[PDB]
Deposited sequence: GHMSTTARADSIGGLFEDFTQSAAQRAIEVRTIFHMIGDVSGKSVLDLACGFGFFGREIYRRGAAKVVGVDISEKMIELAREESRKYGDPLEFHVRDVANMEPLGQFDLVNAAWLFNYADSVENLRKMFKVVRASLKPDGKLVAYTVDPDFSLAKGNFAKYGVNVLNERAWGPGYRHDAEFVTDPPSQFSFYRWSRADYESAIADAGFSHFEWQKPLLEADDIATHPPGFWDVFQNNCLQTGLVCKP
């Protein structure tokens, strides 16, 4: 069910050959490991969860890849160096305040070579629970509650549960600018004609009219 998401992130990333890559909020390492498979020179993954990093390391042992993992809170992260690429699939929606969203963007900037780039996948600020739930596409959004200047959502995968935050487009763009990224662009998920042809008609209507997801590319 992650086909669109994978396609969009690797579209944003482009050619990884010979690059150094920091995969933030890496989970068991899905994106970092695939980025290595596609030719990256070196991949480091970071996650706040000790359990997730324990699985990430077990996965790297099982296929013998050279990924290195760290247990760190990205918002409050010990410096790890500078990379050609920072990948952040489902990092920023875990920032629990606008202040912590802004700190995460500053950490990413400090982690980038001058010619590097951030590729991110996060919650679309324009998502509105009343316009259509996302359960049909893999994420059952259970509720939507005002949380300071943003919104908090409880959700679950179709049944592992989790909670995340939907900050406004203006707050994301201020965090980006104030962290020192001189260029950014929002990327619509890459729903393609083949996806439409292989699903019942109108299956993707809510995905198009009320997408939970968005891509984001930022450059110093």
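- No C-alpha positions are given for the deposited-sequence stretches 1 to 24, 183 to 185.
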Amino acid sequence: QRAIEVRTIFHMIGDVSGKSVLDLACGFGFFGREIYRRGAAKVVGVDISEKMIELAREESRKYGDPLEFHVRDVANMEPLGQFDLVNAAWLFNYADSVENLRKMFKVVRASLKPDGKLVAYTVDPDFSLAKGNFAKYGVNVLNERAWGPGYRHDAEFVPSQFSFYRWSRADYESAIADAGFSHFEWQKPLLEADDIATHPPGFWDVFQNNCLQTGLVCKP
From here on, numbers count along this sequence of modelled residues.
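Under this definition, the rigid core comprises the largest set of C-alpha atoms superposing within 1.5 Å between the forms.
- Fitting each structure in 8 other deposited structures of this protein onto the rigid core and averaging C-alpha distances over structures and residues, 51 to 59 emerges as the more displaced of 51 to 59 and 182 to 190.
- Core-fitted comparison in 8 other deposited structures of this protein shows that, between 17 to 25 and 193 to 201, the CA atoms farther from the shown form belong to 193 to 201.
- Between 61 to 69 and 46 to 54, it is 61 to 69 that carries the larger average Cα temperature factor according to the deposited entry.
- Looking at 130 to 138 and 75 to 83 together, the entry lists the larger mean B-factor for 130 to 138, computed on C-alpha atoms.
- Highest CA B-factor among 34, 156, 195, 173, as stated in the entry: 156.
- When all modelled residues of the chain are sorted by CA temperature factor, residue 111 is found within the lowest third.
- Among all modelled residues in this chain, the alpha-carbon of residue 143 has a temperature factor (C-alpha) in the highest third.
- Residue 187 sits in the lowest third of its chain by CA B factor, as recorded in the PDB entry.
- Per the deposited record, the Cα B-factor of residue 41 falls in the highest third when ranked against the other modelled residues of its chain.
- In the deposited entry, the Cα temperature factor of residue 206 places it in the highest third of its chain's modelled residues.
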